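Undergrad: Questions regarding the structure given below will be posed in turn.
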Amino acid sequence: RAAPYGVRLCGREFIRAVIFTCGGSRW
Amino acid sequence: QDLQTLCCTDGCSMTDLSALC
Numbered sequence: 001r002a003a004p005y006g007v008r009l010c011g012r013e014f015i016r017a018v019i020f021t022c023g024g025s026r027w
Numbered sequence: 004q005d006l007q008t009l010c011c012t013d014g015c016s017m018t019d020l021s022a023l024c
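Residue numbers (the entry's author numbering), protein chains in the order written: chain B, 1 to 27; chain A, 4 to 24.
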């Protein structure tokens, strides 16, 4: 919660969003 | 924590997510 904006992420969706931001590192 | 745990409840910033990956 560093940035003002926030999105509801749960389960695989949460992890996918992380990887999405990561730029498709290896998922 | 606030990044993972609180993300489902309140919400986590995509920028923050970078730390996990």
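Ideal Cβ placement from N, Cα and C applies to all residues, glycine included.
How long is the line joining the alpha carbons of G11/B and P4/B, rounded to whole angstroms?
TA: Taking the straight line from one Cα to the other gives about 22 Å.
Undergrad: Compute the distance between the beta-carbons of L20/A and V18/B, then report whether it is under 7 Å.
TA: In contact: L20/A and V18/B (Cβ atoms closer than 7 Å).
Undergrad: Excluding sequence positions up to five away, which residues of its chain have a Cβ less than 6 Å from the Cβ of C15/A?
TA: Result list for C15/A: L6, in chain order.
Undergrad: Is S25/B closer than 7 Å to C24/A when the C-beta atoms are compared?
TA: Their beta carbons are under 7 Å apart, which means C24/A touches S25/B by this criterion.
Undergrad: Give me whichever residues DSSP pairs with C15/A in a beta bridge.
TA: DSSP output for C15/A lists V7/B as bridge partner(s).
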